[PDB]
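Peer 1: how would this look folded up:
(chains A, B, C, D, E, F, G and H, ligands or ions: 6)
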Amino acid sequence: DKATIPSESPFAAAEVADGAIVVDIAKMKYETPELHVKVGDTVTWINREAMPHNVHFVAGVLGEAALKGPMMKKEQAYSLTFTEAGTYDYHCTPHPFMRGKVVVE
Amino acid sequence: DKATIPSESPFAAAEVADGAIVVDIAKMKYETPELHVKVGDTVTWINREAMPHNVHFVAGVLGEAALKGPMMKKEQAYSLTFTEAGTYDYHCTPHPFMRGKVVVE
Amino acid sequence: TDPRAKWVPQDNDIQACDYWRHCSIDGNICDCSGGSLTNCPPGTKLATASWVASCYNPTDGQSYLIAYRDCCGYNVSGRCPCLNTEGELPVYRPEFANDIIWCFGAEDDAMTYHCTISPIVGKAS
Amino acid sequence: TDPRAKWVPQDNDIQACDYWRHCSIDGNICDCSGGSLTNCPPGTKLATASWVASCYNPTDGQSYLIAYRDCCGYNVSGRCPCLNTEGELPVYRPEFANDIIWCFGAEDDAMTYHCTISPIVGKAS
Amino acid sequence: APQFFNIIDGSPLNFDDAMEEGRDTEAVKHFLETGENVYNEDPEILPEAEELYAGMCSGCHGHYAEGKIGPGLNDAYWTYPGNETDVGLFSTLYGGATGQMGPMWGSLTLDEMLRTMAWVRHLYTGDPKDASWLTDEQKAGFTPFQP
Amino acid sequence: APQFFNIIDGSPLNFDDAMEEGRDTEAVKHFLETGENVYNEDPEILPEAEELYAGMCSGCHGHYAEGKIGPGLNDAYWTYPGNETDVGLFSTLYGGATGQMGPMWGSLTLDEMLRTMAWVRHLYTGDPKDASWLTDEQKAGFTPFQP
Amino acid sequence: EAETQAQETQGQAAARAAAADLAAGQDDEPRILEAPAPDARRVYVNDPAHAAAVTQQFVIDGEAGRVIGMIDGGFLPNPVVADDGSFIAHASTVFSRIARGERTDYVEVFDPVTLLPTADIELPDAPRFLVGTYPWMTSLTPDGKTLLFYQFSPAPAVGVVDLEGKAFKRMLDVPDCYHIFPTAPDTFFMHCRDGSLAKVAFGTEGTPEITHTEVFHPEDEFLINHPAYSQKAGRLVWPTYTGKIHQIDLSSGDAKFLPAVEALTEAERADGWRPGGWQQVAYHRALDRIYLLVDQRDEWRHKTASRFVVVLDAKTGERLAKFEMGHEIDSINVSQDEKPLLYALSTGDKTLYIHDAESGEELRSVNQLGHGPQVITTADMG
Amino acid sequence: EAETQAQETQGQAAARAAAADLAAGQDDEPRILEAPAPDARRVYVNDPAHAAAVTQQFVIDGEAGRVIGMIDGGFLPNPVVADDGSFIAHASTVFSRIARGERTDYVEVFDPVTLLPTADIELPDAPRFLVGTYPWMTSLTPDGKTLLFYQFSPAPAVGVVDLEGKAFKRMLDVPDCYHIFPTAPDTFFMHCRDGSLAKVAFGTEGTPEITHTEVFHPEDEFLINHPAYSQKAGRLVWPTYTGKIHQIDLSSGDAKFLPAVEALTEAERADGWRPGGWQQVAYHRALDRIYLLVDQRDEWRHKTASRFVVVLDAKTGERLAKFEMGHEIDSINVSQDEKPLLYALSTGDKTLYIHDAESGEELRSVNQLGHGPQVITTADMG
Ligand code: HEC
Ligand code: HEC
Ligand SMILES: [Cu+2]
Ligand SMILES: [Cu+2]
Ligand code: NA
Ligand code: NA
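Peer 2: Residues are numbered from 1 along each chain as shown, chains lettered A, B, ... in the order given. Ligands and ions are numbered 1, 2, ... in the order given. Below, you will see the structure:
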């Protein structure tokens, strides 16, 4: 695969250490649409509003199968560690208009 | 393969050639249950009652596929020319209890 | 009306369950989904076999044998449902049983029930 | 009752269409086919995504965001149908549209609609 | 008296060809005069009638006239409608039908014909009420046949 | 006077690193003293402000600060809560954040920072009543930003 | 908007907990429920839906009058329930294009708690008999290891499905008989056109051994399509159009005809009383009682609903009670426990009325049971 | 049970005719009928059946108020009708085990007279958007040679199906826009999230050319999911929740925005009148008239049925009439002939009420139209 999952289920945002790579979700959008990280970094998405959101990578992007991430409720987080360089696009399952990408270098 | 259908659909009994081999159908049964004919003979079933009836030979008897003859209303006939020699069992589709047999010798 | 009361046939409306030729119909009247009293609706397959019943015609006082053939290859029409059992016999006497899906002989081996027609195939007792 | 009258929520019966958490539900109440207010019936698949709506709770005067997730992989239950549209928006604003079959994320990719649950996912405005 | 005609071509049956033995019986006289066959359901006759049917008819028509190589004779249906009456049944045997069912005025006496006929009516499986060839008293004692 | 600290390590901001030019303006004096940025929603300033944002921030934060390489700056959510205030926002520009967001004293004078911030506050797409950095006269005259 | 008193109490208790949970600070965490363990009061209601292409089965808790689950089915499926509650199954039929296209007959086995399918066994050459749902046209052998189904055309036959091995075995050639009443892992009885009963003993291979019993009913006596059969007791309760009841005891492995009984009294028959409906008979094993849906009706209206249920001692034929159901009932059945429930299903109301079998009093009801619910099935546990 | 005042008419005619055939000795010889030639008065009613796994469409002769045919369908199918009556089709969805198992999305084309399927085109990877039925979520191009359907997840797109060639062609990547209004064999418009219209010109291959129009409505103005579109006239009629009407002229191949018009009067909006239902708008090409389902209701009851229909001049916005439908109507439409019929469908009554568009008088009706009928489709012939 192109990434590993630290936590299969969402976890409390408060557990995200200061200084960690974070993409906040609020107002129906990924606050950082074009995130640039290095091979090996772990990205953590934190939903900041009541509206549930998740990250969804279609099949073939992070691996054979698509990665339909779990829905984060307010103050919940989800992480993904990228093990290979490249550009991986994603969107929010119920809100296709919500799109973002992670550039692994 | 083992028989030919002179007429696809049933026809009036009046058109039945006098002296022809005939199996009458009445009172829920084939009045001549064990008909004996010779290779090349054309047997003709004639329904004599209001209750509709037909002749049904399951797959493998008169050929690869089964022969589900058409329903005969009162005073209607249906014929079959037996080409190979052998015993050919048949029944009435809606009335599985109505059993018949044609011995070709 | 009373469902348990003796069946009283009429000869003035084929879309009503008390129409005389429907004395032993089970399902839906074809005339209500594009067919007619004796024809199948477009797209359906016409069965050859069926269950029968002797129905009394109040118009001429004669009884006729009705051949309840089904139009098949379609989901139940859902229009004009009727269930009558004049002379209807249990399944071990299939020739007169009407819970059976009489679709045998239909083109393309269609066996799904859509509706039933009420054609006369002869006079009865 | 009057279908066009303003919606009046209650907090004493979850099987009634006027139960407060159902202010924007579309389909059938899961509690009526083996599920519960917030759980799916046995044999069905639980979707992750859904449409939402802010529902007013007459009990505490607070408004909560309800996530209308569907239980899928089964034909419509046919029990307890309801259709409310408090704050419901057209399809071009999917996050609040309820004609959409919210089955995305369900196990085995089940996409058929069976019923809808009404769980609270947070407080609203 | 009844009309005795060949069931196929309608010509009068010629009783002059009948065997001389068995033309005198009281049953024959009564029958030729009234069209009624007194041997029907006749206890003192059936046993013999049965033997007659066994050797003379069972081979083609079946052990119980249910049908086999030939057509059934035990029900209300008759290819030749007149056979629902004994005058017609008799005419069938005496003058013959078609194919292998030809005239029997050479093999059976008039009396043997009526006896054999009785067994055929006895093998009837239809409703007694429909046994038009029977008197009321006989209808009352008739029971649909069963082996 | 408000306290100016680096938003990440909390060390005091060293104004000695500030450009010598543009420290004297009345805006800077007032801001440093009260923590108020008088350029907020100031029409005469908005044009230069937008240009200042264009050259220095749009590259990482997007043409309208909706977000890109860096997080969006146009809504109610802030990674660093203090940025909801102008003292906090300024502290972020002056001291920098983490990652690619470094200090800005080597690219903007003190006055230019306040003008740039004026534009960031201008791109705000929330309801006027939420702009806690705005004053009534500014609010009533303020309208959620739309391209 | 119409709720029954039972579902109203449930709906209220549910609101109560949800309100208290919220108030106590609990959070909603949606999951997939499991149905409660099957028990005596568990009852199944199958909806043939007037022969629609798709159908539904409702799994119900009779004690509470609550729907605890459902199972989807194809065209006119036949449901079966293991008496020991270890599993449930059915023989179904589907098409590649709703009601047209390639047909596929198959058998599915389900987990009684998760309702998940544990087996999907395809039947070769679409052999199922497509007819109004008759409980005994698809039956389970006493060991629950085999499922038997009837085939009408092109010839009378019964299919043998190995549930244990999850595989179709073979078709068994049978006389002109109908229905299947399993008495052993390799034996079952059928009812023949001639009025006799047929005993069919089949092995893993070879022609099955068939024998006939004496003809137990005249040709003008009509035995309904829905007789009651208790596999545990080996009792076959078969009513006629007039309410006359033929009881056959198969417990010994061979048919033993018991004294005929009359469900209706002389007075009632003289007043036009006759049985009527779909599942007209019910039989309680332990109590050895017979239940029959009856009413006053013309002789050819035998499939119409009935508003009364008479109960009689199956041994003495003695009348024990007569209940006024208060509704148009098409089918009945009972739970097999000590103080049984009397289930009365109305096809027209699409409602299951649950009564106390002793007093006949209506206890609760469950509505919205499909488009035309017709069959009630229960498990004889213990 | 009930028969419409037009059903009895047909039932009597058939009775009278059959009685005559019997009297004259004319024997019954059953055959498969063909539907009458599609005409201006032919109307289609699709029954989504409240999202059931299987559905039905009823072909109706609006003039006689008679059902002349039916067509089965899967899960939430999208129906289309060739304006020249040469054919009809739909995008459907089926599963291998009723509502579970492998999913298959496909397009079927039907002969309008025999109702026989002339094509079964499979859509790769189940791309259909499963949602309540919106007529314009699946559309036919002007030449009737291509069918376009919308895909919602995992990303907005529209599938191109070649009916002439009977094959799926490709999926088109589109912006976050919804609905499909074809204006040419290679062009169609869409409504976007930002309130603009999107123009999509697509070739046989390569990235489609996409352009946006100006934003024609404010963010807080909500446009219903059932706008009326006349492909022949190139007129798009899009109402808001308040009855405000946005008209877009697409004839020139480019969007031309017409003056907005208010379907409800100031007095009415003041008294709480608002449009409501499913297919809330109809548009008659020749007469250039707009029909809207309205009633008095709270603002968040926009999907409930209405009892009135107001008619107005599309060009001037002048109120021409206001009909009291006498029933709970969820959807309306009109025949496109000279003196059009006004179709009023009630999901609750499962009945189609046929009115005179000029007077608004109810002429006839057709009942028993499925479980929850919702979509009326007509062909603009000539
Ligand atoms: C085989 C050589 C036969 C023997 C021995 C008997 N019958 Fe026959 N019978 C035979 C045939 C092939 C037919 C059909 C004739 C036709 O033209 O259709 C018959 C017919 C009859 C009938 C007519 C029944 C009807 O349907 O109307 C009768 C009454 C009859 N046969 C009587 C009969 C008796 C009494 C016999 C023993 C003395 C007997 N048959 C012998 C062939 C043969
Ligand atoms: C790329 C080299 C950048 C340029 C040029 C600018 N910013 Fe930035 N900014 C960048 C990153 C990677 C981040 C995230 C920092 C973190 O620790 O998460 C930021 C963040 C900000 C913030 C914080 C917003 C919040 O949510 O708290 C602000 C207020 C900000 N940036 C402002 C800003 C201005 C005004 C700029 C132009 C002078 C500017 N940034 C340029 C990366 C980059
Ligand atoms: Cu989202
Ligand atoms: Cu027959
Ligand atoms: Na005969
Ligand atoms: Na932000």
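Peer 1: burial of the residue in chain C positioned nearest to chain F, as a residue count?
Peer 2: Nearest to chain F, among the residues of chain C, is residue C:75, at 51.3 Å (Cβ to the nearest Cβ). To be clear about C-beta, it is placed using only N, CA and C from the backbone, and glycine gets the same treatment. Around residue C:75 there are 24 other residues, counting by other Cβ atoms under 10 Å in any protein chain shown.
Peer 1: and it, what does it touch?
Peer 2: Shown in contact with residue C:75 (Cβ atoms under 8 Å, 6 or more residues apart in numbering or on different chains): C:112, C:114, G:52-53, G:98-99, H:54, H:56, H:72.
Peer 1: all strands of the stretch 201-350 of chain G, in order?
Peer 2: Counting by DSSP state E, counting those that start in this stretch, one finds strands in the stretch 201-350 of chain G at the ranges G:209-212, G:228-230, G:235-239, G:244-249, G:256-257, G:261-262, G:273-275, G:281-284, G:289-296, G:306-313, G:319-329, G:331-334, G:341-346.
Peer 1: which other helices and strands does the second one contact?
Peer 2: It refers to strand G:228-230. strand G:235-239, strand G:281-284 (3 or more Cβ pairs under 8 Å, 6 or more residues apart in numbering or on different chains; DSSP states H and E).
Peer 1: roughly how far is it from the heart of the chain?
Peer 2: Averaging C-alpha positions (Cα atoms, centre = their mean, to the nearest Å) puts strand G:228-230 9 Å from its chain's average.
Peer 1: same check, this time on the first one
Peer 2: If you compare the mean C-alpha spot of strand G:209-212 with that of the full chain, they lie 27 Å apart, counting by Cα atoms, centre = their mean.
Peer 1: whether it contacts chain E - can you check?
Peer 2: No: with Cβ under 8 Å from any Cβ of the partner chain as the criterion, chain E is not reached by strand G:209-212; the gap is at least 14.0 Å.
Peer 1: so what are the sheet partners of that strand and their directions?
Peer 2: strand G:197-201 (antiparallel) (DSSP bridges).
Peer 1: and if you look at the fifth one?
Peer 2: Based on DSSP bridges, the strands next to strand G:256-257 in the sheet, each with its direction, are strand G:244-249 (antiparallel).
Peer 1: hang on, residue G:15 in a helix?
Peer 2: Yes: secondary structure of residue G:15 (DSSP: H, G, I helix; E, B strand; the rest coil): part of a helix.
Peer 1: that one contacts residue D:14, doesn't it?
Peer 2: Yes: here residue G:15 reaches residue D:14: they are 5.0 Å apart, a contact under Cβ atoms under 8 Å.
Peer 1: where along chain E do the helices fall?
Peer 2: Assigned by DSSP state H, chain E shows helices spanning E:26-34, E:46-56, E:58-61, E:86-95, E:110-122, E:136-141.
Peer 1: ligand 2 is nearest to which of these?
Peer 2: Ligand 2 lies closest, by Cβ to the nearest ligand atom, to one member of these: helix E:58-61, at 105.3 Å.
Peer 1: buried residues in that closest one?
Peer 2: Neighbour-count burial for helix E:58-61 flags residue E:61 (criterion: 16 or more other Cβ atoms under 10 Å in any protein chain shown).
Peer 1: same question for stretch E:48-55.
Peer 2: E:48-50, E:52-53.
Peer 1: still on that earlier bit, could you dump the helices and strands packed on strand G:228-230 into a markdown table and include distance to ligand 5?
Peer 2: Shown next, in a markdown table, are the helices and strands packed on strand G:228-230 (distance: least, Cβ to the ion, whole Å):
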| stretch | distance to ligand 5 |
| --- | --- |
| strand G:235-239 | 33 |
| strand G:281-284 | 39 |
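Peer 1: what's the closest of these to chain D?
Peer 2: strand G:281-284 (25.5 Å).
Peer 1: is it possible to get CSV of the contacts of residue C:75 that adds distance to residue F:137?
Peer 2: Output for these, formatted as CSV (distance: Cβ to Cβ, whole Å):
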residue, distance to residue F:137
C:112, 75
C:114, 75
G:52, 69
G:53, 70
G:98, 68
G:99, 72
H:54, 64
H:56, 64
H:72, 68
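Peer 1: for the residues you listed, which one is nearest residue G:67?
Peer 2: Set against residue G:67, the nearest of the contacts of residue C:75 by Cβ to Cβ is residue G:52 (19.6 Å).
Peer 1: tell me how many other residues crowd the closest residue in space to that closest one that isn't next to it in sequence.
Peer 2: Spatial nearest neighbour of residue G:52, chain neighbours left out: residue C:76 (5.0 Å); criterion: Cβ to Cβ, 6 or more residues apart in numbering or on different chains. For residue C:76, the neighbour count with other Cβ under 10 Å is 22.
Peer 1: what does residue G:29 give?
Peer 2: Residue G:29: 9 neighbours (other Cβ under 10 Å).
Peer 1: ok, it - contacts?
Peer 2: Contacts of residue G:29 (Cβ under 8 Å, 6+ apart): D:38, D:119.
Peer 1: that one should be in a helix, yeah?
Peer 2: No: according to three-state DSSP, residue G:29 belongs to no helix; its state is coil.
Peer 1: got the contact list for the nearest residue to residue E:72 once chain neighbours are set aside?
Peer 2: Take residue E:72 and drop its neighbours on the chain: the residue closest to it by Cβ to Cβ, 6+ apart is residue B:31, 4.7 Å away. Applying Cβ under 8 Å, 6+ apart, one finds that residue B:31 lies in contact with B:23-25, E:67, E:71-72, E:77.
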